[PDB]
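Chains A, B, C, D, E and F, in that order, give the protein sequences. Heads up, the first sequence stops at 873 in the numbering used here, and the numbers go up one at a time, no gaps. Heads up, the second sequence stops at 474 in the numbering used here, and the numbers go up one at a time, no gaps. Heads up, the third sequence stops at 423 in the numbering used here, and the numbers go up one at a time, no gaps. Heads up, the fourth sequence stops at 419 in the numbering used here, and the numbers go up one at a time, no gaps. Heads up, the fifth sequence stops at 412 in the numbering used here, and the numbers go up one at a time, no gaps. Heads up, the sixth sequence stops at 412 in the numbering used here, and the numbers go up one at a time, no gaps. All residues carry an ideal CB built from backbone N, CA and C; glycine is no exception. So the structure is just underneath, and the comments pick up after that.
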Amino acid sequence: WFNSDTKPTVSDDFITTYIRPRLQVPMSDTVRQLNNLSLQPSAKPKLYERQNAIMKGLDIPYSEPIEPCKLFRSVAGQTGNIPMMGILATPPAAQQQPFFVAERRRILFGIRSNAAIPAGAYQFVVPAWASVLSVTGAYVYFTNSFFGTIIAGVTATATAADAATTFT
Amino acid sequence: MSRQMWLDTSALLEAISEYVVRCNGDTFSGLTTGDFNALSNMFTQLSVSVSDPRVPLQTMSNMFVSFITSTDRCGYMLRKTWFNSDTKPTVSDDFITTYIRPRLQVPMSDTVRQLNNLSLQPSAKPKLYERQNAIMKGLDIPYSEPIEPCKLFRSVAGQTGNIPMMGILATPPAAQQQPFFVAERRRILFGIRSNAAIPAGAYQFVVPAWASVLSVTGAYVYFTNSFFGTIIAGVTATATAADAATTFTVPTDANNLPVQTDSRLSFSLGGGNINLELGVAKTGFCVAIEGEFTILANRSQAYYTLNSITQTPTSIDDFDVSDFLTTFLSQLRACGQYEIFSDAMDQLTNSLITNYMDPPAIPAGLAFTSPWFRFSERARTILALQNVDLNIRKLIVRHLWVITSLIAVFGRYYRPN
Amino acid sequence: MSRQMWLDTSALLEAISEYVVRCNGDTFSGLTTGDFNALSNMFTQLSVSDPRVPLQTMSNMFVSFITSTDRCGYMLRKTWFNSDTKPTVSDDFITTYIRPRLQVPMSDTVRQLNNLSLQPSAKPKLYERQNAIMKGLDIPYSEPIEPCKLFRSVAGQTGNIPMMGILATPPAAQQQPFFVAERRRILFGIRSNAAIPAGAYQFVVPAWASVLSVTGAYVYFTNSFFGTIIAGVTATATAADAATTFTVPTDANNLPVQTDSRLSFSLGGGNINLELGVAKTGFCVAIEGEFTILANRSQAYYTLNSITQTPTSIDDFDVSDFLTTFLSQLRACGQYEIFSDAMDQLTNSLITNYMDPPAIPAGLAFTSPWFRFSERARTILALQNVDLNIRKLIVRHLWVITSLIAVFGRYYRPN
Amino acid sequence: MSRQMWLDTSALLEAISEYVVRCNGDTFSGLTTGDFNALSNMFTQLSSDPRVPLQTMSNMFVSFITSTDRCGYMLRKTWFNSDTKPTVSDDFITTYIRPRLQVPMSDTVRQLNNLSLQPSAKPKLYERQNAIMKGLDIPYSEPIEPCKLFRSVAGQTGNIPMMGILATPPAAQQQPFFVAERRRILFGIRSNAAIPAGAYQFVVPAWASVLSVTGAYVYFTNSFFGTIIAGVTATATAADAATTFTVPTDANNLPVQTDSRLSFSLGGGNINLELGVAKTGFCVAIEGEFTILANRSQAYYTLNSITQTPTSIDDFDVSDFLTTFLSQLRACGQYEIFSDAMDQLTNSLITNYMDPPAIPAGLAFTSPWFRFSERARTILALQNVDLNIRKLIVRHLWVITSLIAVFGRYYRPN
Amino acid sequence: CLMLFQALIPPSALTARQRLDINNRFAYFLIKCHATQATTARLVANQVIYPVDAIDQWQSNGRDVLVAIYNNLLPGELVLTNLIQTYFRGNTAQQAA
Amino acid sequence: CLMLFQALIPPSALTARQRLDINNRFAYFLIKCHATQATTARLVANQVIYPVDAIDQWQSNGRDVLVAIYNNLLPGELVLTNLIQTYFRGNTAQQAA
């Protein structure tokens, strides 16, 4: 049933009564296609769209926003997302490993430590799940909060003097 | 329909390719090109019942993807009967009807092919057609066609793997070890490793079943210490101008073949064993045969029929499909179907294996470690089910290959809309 | 005239070259061959009996043309590379030889249809490279390339070949990872004087390689780089050892290392995740197979967009390999000197137009001749007083002129 | 017939090959392709089933090249030296050997070719026959593996041999070495103790003085054919001073250990390396595309780059084309019989090239007729025979070998 | 015309018989103009369609031959399937009967 | 006359139907009068053209026979390649199509 558009052998009247083709064609499609490219897609999509992706693997609107923390899956180093919270709140023992969490409206990445980290170049790897995101109208800054919870072992502090911190 | 038909057409789509290549930038305003005149007529042969060849080719690929995807439709192609015989199947499927038909001019096509194996400079990178005909009908490959020996490699009683031996070869040895026979892309290596000198004299090397079909020309033979650019330990590549000559023999040539000479040799490991005669005692040696390798006439059946295999598990290459699938894969990713197509292939595969086994049901312990297009590996996984007759395992890999080859040829112009 | 009308012809001549190679030794008496009957008509198209005459005549006028800044000057202004605007310039050469010759729209459709074909030409004409570097077009998906050319400089490594020396010097302490590329394979790893524990290690695939894909590739542990032993790396292992595998964000399954299995994978995900099964005193992984550039990504290479640092290592898109014939002709009639000075003139006058205000920049001195492009390219791409983007365009532009020369001058017979 | 009439018909069969390849798997029912019209008319000019006429020919050719009484006229110095129409009536020669190429067109085309952009990377035998026999030019852009171009010179006796030596730790600073692999060229100086910074000249051996490189990378290495070289350090630091070398053809220095692609020619004199830092033995490597300078191909093919004796010599690749014919010979027991008939052909050839008409003393071959690489060295090692006559014998025998590799292939007597 | 005519009248307009006939004439048309020599043969063999040359038998009644074809088409015979389905306004071969 | 007349009028003046017939009547004429016994036979075998006695198989229907003859000519058939190419004012067979 899930795999093919193949004709069912079943003869039950609920199906006959209500379930049958409804969408005009090919037009109905050439529209949802022409959609993906529209400037302001729906903020809160219908189940239809998801249904199509999850089943036929169809494209979602390019400009459709999503909360990244949903996109989250488990990977090598990190077991989960929200659980890392209790950890990021515990003072560190020594310089730890790179963390990559996500909230509803923002992506967080960094390195905690009880001892200062030298100035220089550091390489971060984007987790397989977040490697799909894209951002526009973004304010990239330093912080000590995660879901309203304090991130210890990290200090965002500066001076109008500090050298410029960038990324690529 | 007929397995033959799917091939004639495949060959035609490959013809289309060949000429699309030949015509790139060779299409001028008042210039009649014999090439474009063919690329022209060939398109015509696909199925008139026109200006943009992209469309009809596109339509075709689309229908093929749709076809090869539904077990219900392409099901007839996954039964042992299809691979074993030239029986016209009683199956009507719009796709098969429209595109799959006898396209090669008989008997001429065959005679031209034969005449080919015997010609001077064959194609170095041959079409899939040839490989298909080899793997399926077990036909001969051209006598002058070069191949990378390392592919020819299979596992034998002595050493389990080829690339795996590299790690061992680089480790300083404890005592004098048994001989080794490895292969690289452009050369073959063999010798004996030891922590203490090895006396001068004669030593026999058993040419492993897999290489027993090789042949070289314009080859330099010498003492070396590297395997794929990796340093081999327990071997000395040193020698002096004063040293006594070291030579070896092959059961095919009555004369001794020189080692460490600027002479270009021609011999065939096609017989029994090679007899090396170390002129000076060495603390471990490694001979290298680096030249053009070809497969002895009428022995290609070993490589392609998976006959050069007897151990289990075994190492096996992929007859190069992986190199052809590139385009089609790029397309599948271009329109988000890479996922779906995969899952459909797993289905294709499983259903295939199922039919090759009485009683009709998947064998226990079967779990692939790789996706449908890393054939190399799945072939191994399949050739590793000890609860299934061996000859059957071979057929499955052979068969599954042909399907994969077909997917690589037909799917290329795929674009849904 | 039009940048198109030039290429449209460069492709015609480059077509006569190909077709001549087909009739060589295949020209028989009494037999009308498809190949020759074609070549024969491709001559009729330059003279609006003896092909050497017009070909030679053409080459001659071309040299005469590409030599005088007064004549071929219009081709050295930013406008000619940026647009298909029909120039108002009357020059005997341009009039007689540079005209539209390719059949439209058929040609492009055939080209597109190609990128999707099975076996492209392994050694592509200049045309393809021309269209790529100029109009940012696509290159066939199945065309192979030597990853080392694809190389450019990044933060960590300022070079590929130069690292050879450093890799060969035993190490003091565990160093940062390295990513180098040969002609037929890629190498990455970590050098160390002391054992590196078992576990996971991440490798940031460098910008220049993130457009690479392999097929029929073997992946193993090695210690050689271009045939030069690498120190601080153990290529040793046992049959008892725990398996070592890596993953790419493109494939959900682990790719085995040190196996006779031919792999296919893509460094597009930009992130290799290696899992060293057994601690090793420095390791180096090799990916040897067929290399291709990911679909719709060849723009990075040919548009010089993969360039991030200054100065930078840069190849030459292979022009060097096509110039040979023309150079051999230049030496055989002493012009080699005169032509070089006329190119330094061509090059200067070009760079001039690409800079406001119209004047040569300070600090510009070439270390090599017009035909060693590879270097001249790095020289131009090293002037930190000129906008980066403008640097790139100059290189690209000059490349096209260099290429047209390599195609049009070959039949040069002065006298 | 004429030395020509054999080349024109060798070119015909070498076209029937190329086209039989072009037509394989491109022979569909509803279309008669351009290529197949050719291959089908090329059969018409050999005087339904093409296997038959081609097979008949090969059979008659083996029968001919086997009997010294018939093919004799071909083994005389007059046949390789001139275009003289021989008065010999032989069924084979009358039926198959005749002028086939269109004159003057054929030549002009070839000429135009050497000048074209991308020539065949694996040329036919025809081109090689014309080089070795008429001493004609090879396409300027055709690549070749330098190690084939190698001959022995005063300093070092051999190329591959040097391998063993380079691999042995040295005693003291030795003389310079100039080896060649398939895709690159090596040169440098081995030592057990530091070699000071400064200039050093390297004499470009006569065999390599006709080479040319493009898209080449030049760096310090320690391997020869994958064999570790000892007494050389490939190490260096980023801080190190720059090491550059020069050629008498280019006024500018050519960097070493850089990612820049170089183009220079080893034709003019010697190369002037300038070690920037002191190295405990060094080896420079020139890896790129190698080509034979224009109008200098007479060296390699006319055996003119030969100065010592004995000498290391390649085989002009005949070994690569013979494969087919050989596989045919073994499939019908003739392999033995043919070899003996060749030893006969060879002897009888060497004979006529020597006054007085007799086999020289000390001549014993260590390899069969098809391992030409070795037989050529054996013939180029007879110090009791004039050098120039030794060369002509190899050249002449090669052409006969090649003709065999081309005409025999369709052999099937039974 | 007949086809267009069908959109203007309700089924109640024609004889229960003729509506049936019409279906059969369409069926004949399909088999005779849109079916491969193969599809036909199979249907003839399994006694679904009366031999194409049985003029009289195709004009008798009591068998909605259209429905039969529709019900016995293979998943591969896409064109026929579309034609019939569209004619039957989406109802499946099952729902049709 | 018909051939001359074609130079006094733009295509627009003749029915796109007839314009096609003309091309066919010409192809007939070529095959009938200027084609080798060997050239004809090849075409017939490859189903490009129908035998000349098939008076009925030449009557017009969509296909532009001339274009097909032209598209399937061989290098050596100079005589025809001229006639046709000249008729088609220099356009290649693939252009004419």
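- Item | Neighbour flag for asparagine 68 of chain C against chain A, beta carbons, 7 Å | no
- Apart from the five residues just before and just after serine 125 of chain C, which ones in its own chain have a Cβ nearer than 8 Å to its Cβ? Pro148 and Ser150
- Query: If contact means a Cβ-Cβ distance below 8 Å, which residues of the stretch 720-733 of chain A contact chain E?
  - Reply: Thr721, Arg725 and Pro726
- Just how far apart, CA to CA, sit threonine 862 of chain A and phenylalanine 230 of chain D? 59 Å
- Excluding the five sequence neighbours on either side, which residues of its own chain have a C-beta within less than 8 Å of the C-beta of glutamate 19 of chain D, listed in chain order? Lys129, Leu130, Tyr131 and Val411
- Query: Looking at C-beta atoms only, is the number of pairs between the stretch 264-271 of chain D and the stretch 165-180 of chain D that lie closer than 8 Å three or more?
  - Reply: no
- Task: Please say whether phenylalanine 210 of chain B and residue 14 of chain B have beta carbons closer to each other than 7 Å?
- Result: Outside the shown range of chain B (58 to 474) lies residue 14 of chain B, about which nothing can therefore be said.
- Query: Short check: CB of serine 25 of chain C to CB of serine 268 of chain D, under 7 Å?
  - Reply: no
- Message: Against chain A, with Cβ distances strictly below 7 Å, would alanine 250 of chain C count as a contact?
- Response: no
- Can you give me the start and stop residues for the alpha helix (DSSP H) that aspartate 13 of chain D sits inside? 8-27
- Task: Pick out the complete beta strand (DSSP E) segments inside the stretch 247-335 of chain C, 3 residues or longer, and give them in chain order.
- Result: 252-255, 263-265, 271-274, 279-284 and 291-301
- Does the beta-carbon of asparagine 118 of chain D have 16 or more other beta-carbons within 10 angstroms, so that it is buried, or is it exposed? buried
- Query: Thinking C-beta only, is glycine 42 of chain C closer than 7 Å to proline 390 of chain F?
  - Reply: yes
- When the cut-off is 7 Å and only beta carbons count, does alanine 43 of chain D lie next to chain C? yes
- Which residues, taken in chain order from the stretch 22-54 of chain C, show a beta carbon closer than 8 Å to some beta carbon of chain F? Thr40, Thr41, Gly42 and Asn45
- Message: I want to verify the contact list: residues of chain D whose CB lies under 8 Å from the CB of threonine 236 of chain C, in sequence order.
- Response: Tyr224, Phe225, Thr226, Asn227, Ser228 and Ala239
- Put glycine 81 of chain C into one of helix, strand or coil per three-state DSSP. coil
- Message: Give me, in chain order, the residues of the same chain whose beta-carbon lies closer than 8 Å to that of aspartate 100 of chain C; leave out the 5 immediate sequence neighbours on both sides.
- Response: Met69
- Whole angstroms is fine: what's the gap from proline 788 of chain A's alpha carbon to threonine 860 of chain A's? 21 Å
- Query: Thinking C-alpha only, which one of D:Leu80, D:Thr37 and D:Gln116 is nearest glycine 33 of chain C?
  - Reply: D:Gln116
- Message: Run through chain A and tell me which residues come within less than 7 Å of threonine 407 of chain E, C-beta to C-beta.
- Response: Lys712
- Item | C-alpha gap between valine 213 of chain B and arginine 188 of chain D, whole angstroms | 33 Å
- Which term fits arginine 817 of chain A, buried or exposed, when burial requires 16 or more other beta carbons within 10 angstroms of its beta carbon? buried
- So which of B:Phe350, B:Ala354 and B:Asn444 has the shortest CA-CA distance to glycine 422 of chain B? B:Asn444
- Message: I need the DSSP call for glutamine 210 of chain C, collapsed to helix, strand or coil.
- Response: strand
- Message: Can you give me the C-alpha to C-alpha distance between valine 252 of chain D and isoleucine 190 of chain D, rounded to a whole angstrom?
- Response: 15 Å
- Message: Is the separation between the beta-carbon of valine 293 of chain C and that of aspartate 249 of chain C shorter than 7 Å?
- Response: no
- Item | beta strand (DSSP E) segment containing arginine 244 of chain B, residue limits | 244-249
- Whole-angstrom distance between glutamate 392 of chain F and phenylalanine 326 of chain D, CA atom to CA atom: 36 Å
- Item | Chain-ordered residues of the stretch 350-373 of chain E with a beta carbon less than 8 Å from chain B | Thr351, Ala353, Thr354 and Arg357
- Around the C-beta of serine 411 of chain C, are 16 or more other C-beta atoms found within 10 angstroms, so that it is buried, or is it exposed? buried
- Item | Other residues of its chain near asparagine 355 of chain B: CB distance less than 8 Å, five sequence neighbours each side excluded | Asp197
- Message: I'd like to know if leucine 388 of chain E contacts chain B, where contact means its C-beta is closer than 7 Å to some C-beta of that chain.
- Response: no
- Residue-level contact to chain A via CB, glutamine 321 of chain E, 7 Å cutoff: no
- Cβ separation of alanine 342 of chain E and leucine 317 of chain E, assumed to be a contact under 8 Å, to the nearest whole Å: The pair is not a contact, with the Cβ atoms about 14 Å apart (cut-off 8 Å).
- Message: Please state the DSSP three-state secondary structure of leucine 216 of chain D.
- Response: strand
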